[PDB]
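Visitor: Shown below is the structure under consideration.
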Amino acid sequence: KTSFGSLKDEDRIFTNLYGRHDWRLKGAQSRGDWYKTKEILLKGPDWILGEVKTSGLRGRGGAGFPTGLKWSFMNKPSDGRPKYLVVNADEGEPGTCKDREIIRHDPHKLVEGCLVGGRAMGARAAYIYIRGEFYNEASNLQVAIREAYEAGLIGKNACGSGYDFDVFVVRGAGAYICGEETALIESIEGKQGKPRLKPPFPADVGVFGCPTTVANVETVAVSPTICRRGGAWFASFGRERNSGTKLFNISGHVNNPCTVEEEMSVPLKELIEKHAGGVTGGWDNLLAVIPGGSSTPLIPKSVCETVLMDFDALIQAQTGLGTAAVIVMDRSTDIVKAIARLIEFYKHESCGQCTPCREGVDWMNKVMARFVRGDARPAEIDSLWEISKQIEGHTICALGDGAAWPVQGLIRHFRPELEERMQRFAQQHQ
Amino acid sequence: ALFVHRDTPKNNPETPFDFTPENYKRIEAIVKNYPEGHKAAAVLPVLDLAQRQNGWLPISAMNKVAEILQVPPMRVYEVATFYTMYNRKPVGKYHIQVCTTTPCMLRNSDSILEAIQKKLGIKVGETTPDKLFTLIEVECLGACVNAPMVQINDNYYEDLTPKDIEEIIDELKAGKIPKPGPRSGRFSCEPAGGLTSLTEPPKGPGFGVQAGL
Amino acid sequence: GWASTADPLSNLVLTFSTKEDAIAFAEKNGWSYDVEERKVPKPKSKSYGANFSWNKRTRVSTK
Ligand SMILES: NC(=O)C1=CN([C@@H]2O[C@H](COP(=O)(O)OP(=O)(O)OC[C@H]3O[C@@H](n4cnc5c(N)ncnc54)[C@H](O)[C@@H]3O)[C@@H](O)[C@H]2O)C=CC1
Ligand SMILES: Cc1cc2nc3c(=O)[nH]c(=O)nc-3n(C[C@H](O)[C@H](O)[C@H](O)COP(=O)(O)O)c2cc1C
Ligand code: SF4
Ligand code: FES
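Protein chains in written order, with the deposited numbering: chain 1, 9 to 438; chain 2, 5 to 217; chain c, 71 to 133.
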């Protein structure tokens with residue numbers, strides 16, 4: 009198969025995404041949730057790991073690491089310490105709101121995914137680190153957790169299989185840096201949300217020093233569907249190493265901003281034209297598209313015509329897939345102002361532990377503010393580029409790369425715009 | 005935005021603070037949610053619980069939380085200063101937060117901002133004279149397809165225009181509680197031009213289950 | 071009020087590669103000497119994971 013997109017409603021995993029049906033236990037049980045879970049629990053961790061590594065499912069958090077291998081390093085015999093699965097439900101990234109709808113509208117899918125994942129690695133309990141601002145979603149998840157506890161699906165003798173598993177909900181306190189897995193692990197333990205250094209990986213030393221696997225909501229909620237329908241069913245979509253379905257949040261300067269599931273290798277132009285209703289002012293009014301939120305660099309209209317929205321066709325397009333969050337800017341937008349706002353967001357969300365981010369993100373914010381005001385010279389611009397090259401790869405966590413990438417993308421794609429802005433400032437005020 | 009504390013008669017270590025007995029039971033449940041030997045994790049929820057006692061954190065809840073969990077108070081100070089959702093100053097009853105990140109900036113969140121500023125007669129980070137509102141500016145809050153959006157207390161008011169946020173402010177001043185939802189025609193996340201996807205009824209259990217399971 | 075002195079050898083520091091060369095230069099010129107052994111610091115056993123132990127006391131209070 010070579011033509012992707014136009015996903016049929018039968019193959020969509022996330023039914024009741026829009027909340028038109030019941031989100032509680034009885035509504036979810038009539039859609040396919042909690043069905044033959046005890047058979048999977050009896051088949052066990054080797055079968056679950058094989059079925060999730062046959063599908064080719066990667067990490068939907070934004071790094072794209074293979075889920076089978078990542079859940080496979082944790083499978084090892086015990087050394088006296090318990091094992092834990094932790095679900096990253098933070099989404100501090102701008103443009104991304106898919107897991108909010110997953111938690112609010114399909115919480116039992118998340119709980120069943122937690123149970124299947126904890127069976128895969130032999131985890132003792134599950135910790136769900138929801139965002140601090142998401143009070144209603146946390147309460148909905150707690151209601152669904154109590155409803156599953158009442159029916160005997162989890163807790164004592166989970167689903168009639170003899171396995172012990174628990175689920176906990178830990179609210180955040182409004183931090184983007186807590187979305188990072190090691191910083192999330194530290195913030196669970198009651199400390200400041202500052203990321204650790206790998207090694208040690210969380211599979212060896214994680215939360216409370218126990219073995220730990222941190223997985224996204226989107227890659228956890230699809231695990232029972234993978235283990236039930238089959239790995240080849242999930243692998244039948246998309247390209248090779250690009251298998252499955254993906255949730256896209258299209259927003260910005262579009263007619264109908266929305267969250268919609270789609271085939272993993274759908275073209276960007278087809279997705280924008282079909283689901284979002286088109287760019288404001290037509291397709292010819294396009295200026296720039298950010299494919300995966302503020303971490304991923306922007307791409308102009310010249311590349312957006314013939315691009316595919318998977319991992320490989322976007323890393324080859326000098327950008328990244330990220331969280332698959334589409335931000336659309338048309339011709340009536342100041343790109344430098346948008347990038348300056350993104351850098352201001354990155355400097356307002358920075359843990360300040362390690363030196364290069366702590367100094368260089370503020371430096372980039374000041375330089376970008378001077379760029380927006382135009383009070384700068386062209387010779388500074390490449391210097392700003394070098395500043396990004398002194399941040400990427402020299403930081404503890406990947407917020408430094410996620411802050412250096414938009415500046416590099418904006419410079420590389422719109423150096424003439426910046427040069428025109430500063431020369432207009434020079435010829436006007438001087 | 006000062007990260008150091010100066011002793012004032014309003015905010016002193018001798019400020020009266022103590023949890024209610026029902027909050028003591030809730031704190032005990034929070035502590036029992038965590039493994040033994042790692043009680044310090046309970047610093048994160050319980051301190052937030054203290055905020056729900058007052059709406060803000062004087063330096064008497066931090067010392068009390070440090071005392072009931074056997075942790076030094078400087079760790080509680082670190083926790084209260086690292087995160088932005090803990091109020092170390094007395095905020096108003098209705099704390100309004102406006103998201104001005106780029107997916108919300110493209111859909112004119114600054115229009116909402118100047119409408120609120122014109123209506124309430126205050127600026128960003130300023131409290132109303134009757135202590136009913138407090139307007140600040142925050143980063144992204146994870147509802148970017150519903151841009152522009154604001155958050156009041158723990159409720160989300162999304163997809164607003166200036167008229168809707170004016171109506172929300174007049175409803176808050178009257179004492180009623182508005183519905184925490186988008187003010188447009190759509191409900192949660194569907195496109196405004198009709199449901200493009202998920203129009204089929206759900207298949208139900210037993211569909212697509214492979215053999216040998 | 072300057073620091074007056076009468077010691078000609080007040081600012082005489084001599085540099086040697088090894089202890090034996092210094093001791094030979096000392097006994098060559100007829101100077102009584104005191105020799106102090108070199109205090110090499112003891113190597114440690116550093117571990118970043120030790121800050122996140124499960125049942126030990128080496129857990130960091132904060133970071
Ligand atoms: N989803 C969101 O809200 C956001 C997503 N992102 C995206 O996330 C990515 C950055 O996140 P990272 O976790 O730093 O990416 P990546 O470098 O770390 O690693 C992904 C996962 O693989 C694991 N891993 C990698 N090598 C391993 C090994 N040898 N042994 C065991 N485990 C190993 C890591 O522990 C981690 O859990 C970027 O692609 C960025 O665009 C960025 C910001 C927000
Ligand atoms: C600054 C920063 C913030 C992150 N925020 C999130 C997040 O909010 N949600 C998420 O799933 N992953 C986030 N990640 C990615 C995680 O490091 C990691 O990929 C995730 O916890 C699990 O990814 P997986 O789906 O491959 O298992 C963030 C990474 C960084 C560097
Ligand atoms: S890159 Fe920034 S946010 Fe990440 S560890 Fe370093 S200082 Fe903290
Ligand atoms: S950009 Fe405003 S809610 Fe995300």
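Idealized CB from N, CA, C, for every residue including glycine.
Say yes only if the C-beta of residue 407 (chain 1) is nearer than 7 Å to one or more non-hydrogen atoms of ligand 2, and no if none qualify.
Guide: Yes, Cβ of residue 407 (chain 1) sits closer than 7 Å to a heavy atom of ligand 2.
Visitor: Return the CA-CA distance between residue 351 (chain 1) and residue 71 (chain 1), expressed in angstroms with no decimal places.
Guide: Taking the straight line from one Cα to the other gives about 21 Å.
Visitor: Counting only Cβ-Cβ distances shorter than 7 Å, please list the residues of the stretch 81-98 of chain 2 near chain c, keeping chain order.
Guide: Correct list: 82.
Visitor: Taking any Cβ of chain 1, which residues in the stretch 146-174 of chain 2 have a Cβ under 7 Å from it, in chain order?
Guide: Under the 7 Å Cβ criterion, the stretch 146-174 of chain 2 contributes 146, 147, 148, 149, 151, 155 and 158.
Visitor: Based on the DSSP output, what are the partners of residue 155 (chain 2) in its beta bridges?
Guide: Beta-bridge pairing links residue 155 (chain 2) to 101 (chain 2) and 160 (chain 2).
Visitor: From the DSSP output, in three-state form, read off residue 296 (chain 1) for me.
Guide: Strand at residue 296 (chain 1).
Visitor: Quick one: complete beta strand (DSSP E) runs, 3+ long, within the stretch 220-277 of chain 1?
Guide: Correct list: 220-224, 253-260 and 266-271.
Visitor: Considering Cα atoms alone, identify which of 75 (chain 1), 51 (chain 1) and 120 (chain 1) is closest to residue 33 (chain 1).
Guide: If we check each option's Cα against that of residue 33 (chain 1), 120 (chain 1) comes out closest.
Visitor: DSSP three-state call for residue 133 (chain 1): helix, strand or coil?
Guide: DSSP places residue 133 (chain 1) in strand when its eight states are reduced to three.
Visitor: Does residue 101 (chain c) pass the burial test, meaning 16 or more other C-beta atoms within 10 Å, or should it be called exposed?
Guide: Exposed, because fewer than 16 other Cβ atoms sit within 10 Å of the Cβ of residue 101 (chain c).
Visitor: Would you kindly check if the distance between the Cβ of residue 111 (chain 1) and the Cβ of residue 225 (chain 1) is under 8 Å?
Guide: Yes, these two residues count as a Cβ contact at 8 Å.
Visitor: Do the stretch 207-223 of chain 1 and the stretch 247-254 of chain 1 touch if we need at least three Cβ pairs shorter than 8 Å?
Guide: No, because fewer than three Cβ pairs between the stretch 207-223 of chain 1 and the stretch 247-254 of chain 1 fall closer than 8 Å, the two stretches do not touch.
Visitor: Decide if the stretch 91-103 of chain 2 is in contact with the stretch 126-143 of chain 2; the criterion is three or more beta carbon pairs, one per stretch, under 8 Å apart.
Guide: Flag = yes, the stretch 91-103 of chain 2 and the stretch 126-143 of chain 2 touch.
Visitor: Would you call the stretch 271-281 of chain 1 in contact with the stretch 91-100 of chain 1, where contact means no fewer than 3 C-beta pairs closer than 8 Å?
Guide: Output reads no: the stretch 91-100 of chain 1 does not touch the stretch 271-281 of chain 1.
Visitor: Name the one or two DSSP bridge partners that residue 337 (chain 1) has.
Guide: Beta-bridge pairing links residue 337 (chain 1) to 296 (chain 1).
Visitor: Go through the stretch 167-206 of chain 2 residue by residue and report every complete run of the beta strand (DSSP E) that reaches 3 residues or more, in order.
Guide: Qualifying beta strand (DSSP E) stretches: none in this window.
Visitor: Does residue 63 (chain 1) pass the burial test, meaning 16 or more other C-beta atoms within 10 Å, or should it be called exposed?
Guide: Classification of residue 63 (chain 1): buried, given that the 10 Å Cβ count is 16 or more.
Visitor: Express the C-alpha separation of residue 52 (chain 1) and residue 127 (chain 1) in angstroms, rounding to a whole number.
Guide: Taking the straight line joining both Cα atoms gives about 7 Å.
Visitor: Beta carbon of residue 16 (chain 2): closer than 7 Å to some heavy atom of ligand 2?
Guide: No, the beta carbon of residue 16 (chain 2) sits no closer than 7 Å to any heavy atom of ligand 2.
Visitor: Cutting at 7 Å between CB atoms, please list the residues of its own chain near residue 364 (chain 1), excluding the five before and the five after it.
Guide: Contacts found: 398, 399, 402, 403 and 408.
Visitor: Got a sec, what are the start and stop residues for the alpha helix (DSSP H) residue 384 (chain 1) sits in?
Guide: Careful: residue 384 (chain 1) lies outside any alpha helix (DSSP H) and carries neither H nor E.
Visitor: With burial defined as no fewer than 16 other Cβ atoms inside 10 Å of the residue's Cβ, what is the status of residue 204 (chain 1): buried or exposed?
Guide: Answer is buried; the Cβ neighbour count reaches 16.
Visitor: Assuming the contact rule is C-beta atoms closer than 8 Å, residue 196 (chain 1) and residue 137 (chain 1) should be a hit. Round their C-beta distance to whole Å, please.
Guide: Residue 196 (chain 1) to residue 137 (chain 1), Cβ: 6 Å. Contact.
Visitor: Between which two residues does the alpha helix (DSSP H) containing residue 420 (chain 1) stretch?
Guide: Segment 407-437, the alpha helix (DSSP H) holding residue 420 (chain 1).
Visitor: Under 9 Å between beta-carbons, which chain 1 residues line up against residue 133 (chain c)? List them in chain order, please.
Guide: 194, 199, 200, 202, 204 and 361, listed in chain order.
Visitor: Can you give the Cα-Cα distance for residue 322 (chain 1) and residue 413 (chain 1), rounded to whole angstroms?
Guide: One C-alpha to the other measures close to 14 Å.
Visitor: Who are the neighbours of residue 176 (chain 1) on chain 2, taking C-beta pairs under 8 Å?
Guide: Under the 8 Å cutoff, chain 2 gives 37.
Visitor: Jot down the residue ranges of each uninterrupted alpha helix (DSSP H) in the stretch 72-131 of chain 1, minimum 4 residues, whole runs only, in chain order.
Guide: The stretch 72-131 of chain 1 contains these whole alpha helix (DSSP H) runs: 75-80, 106-113 and 115-129.
Visitor: Quick one: what's got a C-beta closer than 8 Å to residue 246 (chain 1)'s C-beta in the same chain, skipping five residues either side?
Guide: Closer than 8 Å at the Cβ level, and outside the excluded window around residue 246 (chain 1), lie 12, 252, 271, 272, 273 and 318.
Visitor: Can you tell me the Cα-Cα spacing of residue 84 (chain 2) and residue 6 (chain 2), whole angstroms?
Guide: The straight-line gap from Cα to Cα measures roughly 13 Å.
Visitor: Do you know offhand how far residue 100 (chain 1)'s Cα is from residue 111 (chain 2)'s?
Guide: Cα-Cα distance, rounded: 19 Å.
Visitor: Are the Cβ atoms of residue 439 (chain 1) and residue 358 (chain 1) separated by less than 8 Å?
Guide: Any answer about residue 439 (chain 1) is impossible in this case: the structure gives chain 1 only from 9 up to 438.
Visitor: If contact is defined by three or more beta carbon pairs under 8 Å, each pair taking one atom from either stretch, is the stretch 367-376 of chain 1 in contact with the stretch 7-23 of chain 2?
Guide: Taking 8 Å as the limit for Cβ pairs, the verdict is that the stretch 367-376 of chain 1 does not touch the stretch 7-23 of chain 2.
Visitor: What are the boundary residues of the alpha helix (DSSP H) that residue 90 (chain c) is part of?
Guide: Segment 89-98, the alpha helix (DSSP H) holding residue 90 (chain c).
Visitor: Please state whether DSSP places residue 50 (chain 2) in a helix, a strand or coil.
Guide: DSSP places residue 50 (chain 2) in helix when its eight states are reduced to three.
Visitor: With distances taken Cα to Cα, identify the nearest neighbour of residue 376 (chain 1) among 360 (chain 1), 361 (chain 1), 396 (chain 1) and 362 (chain 1).
Guide: Of the listed residues, the one whose Cα sits closest to residue 376 (chain 1) is 396 (chain 1).
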